[PDB]
Protein chains: 6
Amino acid sequence: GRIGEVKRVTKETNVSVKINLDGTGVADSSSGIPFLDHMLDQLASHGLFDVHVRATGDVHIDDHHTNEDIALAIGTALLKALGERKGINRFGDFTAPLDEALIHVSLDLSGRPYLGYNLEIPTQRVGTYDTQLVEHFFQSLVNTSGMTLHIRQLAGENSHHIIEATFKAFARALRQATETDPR
Amino acid sequence: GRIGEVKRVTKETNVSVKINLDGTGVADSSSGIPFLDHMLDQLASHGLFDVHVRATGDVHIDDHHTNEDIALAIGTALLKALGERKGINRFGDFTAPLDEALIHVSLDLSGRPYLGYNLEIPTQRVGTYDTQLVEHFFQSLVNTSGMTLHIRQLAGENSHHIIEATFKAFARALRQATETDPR
Amino acid sequence: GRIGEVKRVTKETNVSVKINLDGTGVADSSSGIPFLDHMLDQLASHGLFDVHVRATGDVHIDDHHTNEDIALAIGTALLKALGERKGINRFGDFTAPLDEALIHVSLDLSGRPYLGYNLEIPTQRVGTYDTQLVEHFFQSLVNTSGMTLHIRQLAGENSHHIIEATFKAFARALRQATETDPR
Amino acid sequence: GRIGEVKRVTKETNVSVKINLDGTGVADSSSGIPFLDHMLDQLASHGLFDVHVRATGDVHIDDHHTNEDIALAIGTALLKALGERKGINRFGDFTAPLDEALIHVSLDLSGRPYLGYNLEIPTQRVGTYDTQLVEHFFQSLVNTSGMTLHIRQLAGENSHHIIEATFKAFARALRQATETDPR
Amino acid sequence: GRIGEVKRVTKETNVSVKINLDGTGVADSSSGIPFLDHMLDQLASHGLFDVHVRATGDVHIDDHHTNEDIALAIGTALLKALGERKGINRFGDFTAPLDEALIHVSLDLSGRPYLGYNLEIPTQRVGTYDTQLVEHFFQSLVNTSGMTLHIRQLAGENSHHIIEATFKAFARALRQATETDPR
Amino acid sequence: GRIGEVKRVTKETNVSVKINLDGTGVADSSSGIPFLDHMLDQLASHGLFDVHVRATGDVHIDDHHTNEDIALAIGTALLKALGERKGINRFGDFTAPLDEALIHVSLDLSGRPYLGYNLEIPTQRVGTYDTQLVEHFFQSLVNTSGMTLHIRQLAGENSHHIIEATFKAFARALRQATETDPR
Ligand SMILES: [Mn+2]
Ligand SMILES: [Mn+2]
Ligand SMILES: [Mn+2]
Ligand SMILES: [Mn+2]
Ligand SMILES: [Mn+2]
Ligand SMILES: [Mn+2]
Ligand SMILES: [Mn+2]
Ligand SMILES: [Mn+2]
Ligand SMILES: [Mn+2]
Ligand SMILES: [Mn+2]
Ligand SMILES: [Mn+2]
Ligand SMILES: [Mn+2]
């Protein structure tokens, strides 16, 4: 059905991205960022999107540049994939937990970008992943997607659980919005 | 489908209300209060109700009497159309964003009226519509409706957005509650 | 020279914007919001932009929708105008007083939208204009324009003064950024 | 160039002044207040004005009378020199440091007098110059001048450095404002 | 044009630095510190300096010794290149954004060294680069450069952004001060 | 007797004002601002001045420009009426109540502009009149008038009473100051 394909090439990065909204949950990501792939594999698995990401970047500097241009790419792919937005639910709201974590995501494929981020992560790094990037990821994805997106933390100690549960609750909500409403 | 109709006159106002719970979203409000029409036009447009309102009132004094009497009629009209309540969900739950605002609405078509209203609207006026009247509209609605309704502000700065996001949220939660569940 | 043009027709509004970055100071704005027109003439007179707005919207409900759609147009007109963005300054920075008022605007034409708004206006209305719409004007303008924009209140009592000083500093920095850098 | 000339004679003082907006840097000031001459020399040197001041007053009493009248004359001759204020930038904004001091100066040759003075000088006397008189010089300069002026201390420990940096940033921004703009 | 060159060899590092004040933005750094190279390309890119750096040091202990010997060299390369300092602006002042961040950077090539540094970086590492070394870099660069330099943070969450914004504003203000004034 | 006339035309207003310092209390104000007319009527009546105002302004936008330009015209009209200021009290000082309110005006015809304004008016509008304009009227009057005016709210709840009592007190002390002293 609905597939979005973007190939962006900056000085800093090389990003190839393919999203099927009406997928079966196929996860095939290789960004050079081990933890970000794991989050994108959740995105596929939990909202049954098919996600094909393939990137190569400044990883020697920071993770910052690659994190960002993948995120911007995914949002542009999301926009092309929704087409003219004919009869989709459009809104989606799901609270998913992971053990002690409990994350709430409400969103709306509005056309006007906004990221409400209320998410305190107590450690500065999960694996090698700078933990400030999760915010940056979602910001960049929202800015090209045109997606109004609030994310709210109700509970959580463990930083791995917190980001995983967020991506779990973002996927299930995103599907809810991409699916077709019997209008 | 399921339709409730109410004529209702007093010394102060004259009010007439036709509501289709199984409509297509035909918004048809002319109350003498431009702002309230707009919110009633979102009730229809998001809940897929057909909403017909016609009214004249003491607007030259206050919007108070007309906002209250319309609200009272709509709840009475909602009550008739629901009729026997045969096999409906009864409960609706929906959080809705409109940019920075984020409003949760939980309801239960119970028979016992309750408004839990937790909404701080920073400005006294949106257009020419007294901002205190958003609480009096849902309070009057609930009173004739036999509805149990909680409205909770989670986020919000701008007044238009907040009120509108409540009406968006409430409409999709009313729809959910009036629909038939494979019981 | 560099001219962006935008027509835009939504259910609510009918907007027609035309902006010349290399103008002479031509203000020709009639939107049906008298206050916004006066501000859009500060934009022209101080940025030496030629500005031509023409709009009709739901003024009877609110100024909100008309405010919003003009802003989204002005921001789009800007992005057509800039085109390739070759050999321009890219960064603006100007602090501007108007009597007791003092407003710092810093901007970067980056292709990534951000609003930093630290402006407490002590009255709900100047003329008939809802004061919350000043923020929504720059927010919506930024959202299509692709502009990183910080606005900073350093001083101000009079609400007319604060908004006017804002459009003065914005305009002069918009100029600094849009002009050619001897590269 | 543009030359202001003002000879004014109270009971208390005999002031003579000649400023040249389009000067070259010609420091020529004797006032009977050695520190103020050191500040007037910085005004000519950093703004590239040709400043000429010659004064006598009740110095045996206080530096007050003489400080005020010189300030009142410099303002007036600034005005006479501007004339019709045709084609000039008009606005000036500059932040100059001196060692640990850092003072920001925004002004506007506006026709309307105003002084915001946010400047804590920790000592009561630099040499023999009463430290309260710095405020009084820019206050009196501003009334006759019709200038809008904000002086903001962002850093500073040493009293000499604070005042001199204030005279440096005043100078450089005043230049900006008197300079022609290609309209 | 104005070129400074420096080879500085210690028991710890071998540092080679050529700087071109009147360049076209030539970036060319390999210091063994990936993030410092990125900040150097930003300096070369935004001041239109040409920046050639080559370094080998204790990167296996710390990044500290390399960080400091490189920046001490760069200050010295700046000082040779500047010469007698004839008819340059001397004062450079610029506030620059990078998304949520906003750093103001006022300086004066005075001959007397000073660093007012008011920057709170919320993480301890960008990439593998100690976040404390940013201050020490600007501190060393100031000591031999004979420069007066204030760096004020007005906003910022993301560390990468904060520092890159510091380097963007440092660059555009150094440009301003080394450029020639029509005197 | 002592008569001051002024015609002043801007791009926003057309103001004509005449004031007789030795009048008999004749009130002749049509300003486009019904509340300020009422305040000038008190100004004549309570100081026995003959006040003639006829104005035309942006009133569709704001009352701002019209309020300011009338204020500035009265001050120039006052300065002229006074001429060479020979044999007159110079200093006035009156405290006038209006019911619960109590204002203390204490002026000085100093040729030196200052306003002390220590008034807290608890509502945003008296009629259609923006309450902020009271300060701005008096600020603008003082700037072109060369008067030293202190306004002290000692008591007051109702805003109509506070502004009217200010104009009462202000008039009785302007009258006192302009009267002659057996010299
Ligand atoms: Mn009543
Ligand atoms: Mn009631
Ligand atoms: Mn709306
Ligand atoms: Mn909006
Ligand atoms: Mn004295
Ligand atoms: Mn004095
Ligand atoms: Mn060290
Ligand atoms: Mn970034
Ligand atoms: Mn970077
Ligand atoms: Mn204005
Ligand atoms: Mn004004
Ligand atoms: Mn009265």
# chains A, B, ... in the order shown; residues from 1 in each chain; ligands from 1
>>> residues_near_ligand(ligand="ligand 11", cutoff="12 Å", atoms="only C-alpha atoms and all ligand atoms", output="NGL selection string")
(:C and (97-101 or 156-165)) or (:D and (110-114)) or (:F and (62-72 or 132-141))
>>> calpha_fit_rmsd(fixed="chain A", moving="chain E")
0.2 Å
>>> residues_around(residues="residue 79 in chain E", least_positions_apart="3", cutoff="10 Å", atoms="only C-alpha atoms", output="list in words")
residues 3, 4, 5, 73, 74, 75, 76, 82, 83, 84, 85, 109, 111, 144, 145, 146 and 147 of chain E
>>> interface_residues(of="chain E", to="chain C", cutoff="10 Å", atoms="only C-alpha atoms", output="PyMOL selection string")
chain E and resi 23-25+48+94-102+154-155+169+172
>>> write_last_selection(atoms="C-alpha atoms", output="PDB file, in the first residue's frame")
ATOM      1  CA  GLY E  23      40.595  33.861   3.818  1.00  0.00           C
ATOM      2  CA  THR E  24      37.547  32.295   2.142  1.00  0.00           C
ATOM      3  CA  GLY E  25      36.647  29.659   4.772  1.00  0.00           C
ATOM      4  CA  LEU E  48      35.795  33.083   6.598  1.00  0.00           C
ATOM      5  CA  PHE E  94      27.658  38.889  17.793  1.00  0.00           C
ATOM      6  CA  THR E  95      24.789  36.767  19.190  1.00  0.00           C
ATOM      7  CA  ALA E  96      24.189  33.591  17.198  1.00  0.00           C
ATOM      8  CA  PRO E  97      21.621  30.773  17.455  1.00  0.00           C
ATOM      9  CA  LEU E  98      21.728  27.060  16.800  1.00  0.00           C
ATOM     10  CA  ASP E  99      18.206  25.689  17.396  1.00  0.00           C
ATOM     11  CA  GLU E 100      17.325  25.997  21.104  1.00  0.00           C
ATOM     12  CA  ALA E 101      20.728  27.580  21.971  1.00  0.00           C
ATOM     13  CA  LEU E 102      21.769  31.243  21.932  1.00  0.00           C
ATOM     14  CA  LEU E 154      21.278  33.029  26.986  1.00  0.00           C
ATOM     15  CA  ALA E 155      19.775  29.605  26.181  1.00  0.00           C
ATOM     16  CA  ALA E 169      29.291  33.432  17.303  1.00  0.00           C
ATOM     17  CA  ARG E 172      31.415  35.985  13.302  1.00  0.00           C
TER      18      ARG E 172
END
>>> atom_distance(atom1="CA of residue 124 in chain B", atom2="CA of residue 125 in chain C")
10.6 Å
